[PDB]
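Next up: just one chain, as structure tokens, the form deposited in one PDB entry.
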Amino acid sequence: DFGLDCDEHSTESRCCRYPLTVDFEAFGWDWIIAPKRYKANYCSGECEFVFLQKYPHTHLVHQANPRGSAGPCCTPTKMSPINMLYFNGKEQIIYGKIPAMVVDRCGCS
């Protein structure tokens, strides 16, 4: 409830999380055994005023408006791991939990 989820049917301008399936075979990640595909999701949309901002720093910097400071951008504020079975660099079969593969939540930073 900390973020917005959208889909293809949404008409949402704000920073929002959308669906996306990643298919490893199609990406060239041929060392992965399982899973073959997974829902990674992604973040998209606008960051105006302080909408969807969790950190006071963000708007403090925007008002200070210093040189080189771009506007805030829509970005993951929470990530989740996925469990994978894959071949390591020695071609051994390894089960491991791989951090930060999935976006759980999007916000403006």
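Don't overthink the numbering: it's just position in the shown sequence, from 1. C-alpha atoms forming the largest set that superposes within 1.5 Å between two forms make up the rigid core.
*Higher average CA B factor in the deposited record is what I'm after, so tell me if that's 52 to 60 or 80 to 88.*
According to the PDB entry, the answer is 52 to 60.
*On average, which has the higher Cα B-factor in the deposited entry, 70 to 78 or 36 to 44?*
On average, C-alpha B-factors are higher across 70 to 78.
*Report the third (lowest, middle or highest) to which the CA temperature factor of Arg17 belongs, ranking only the modelled residues of the same chain.*
Tercile = lowest for this residue's CA B-factor.
*asked:* Where does the C-alpha B-factor of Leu4 rank in its chain, lowest, middle or highest third?
replied: For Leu4, the deposited C-alpha B-factor lands in the middle third.
What follows is about the form deposited in another entry, which we do not show.
_Does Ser13 shift between the shown form and the other one by 2 angstroms or more at the C-alpha, the core having been superposed?_
For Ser13, whose C-alpha is compared between the shown form and the other one after core superposition, the shift is less than 2 Å.
*Has the Cα of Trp29 moved 2 Å or more between the shown form and the other one, judged after a core fit?*
After core superposition, the C-alpha of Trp29 moves 2 Å or more between the shown form and the other one.
*asked:* With both forms fitted on the core, check whether the Cα of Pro81 differs by 2 Å or more between the shown form and the other one.
replied: No; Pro81 is a residue whose C-alpha shifts by less than 2 Å between the shown form and the other one when the cores are overlaid.
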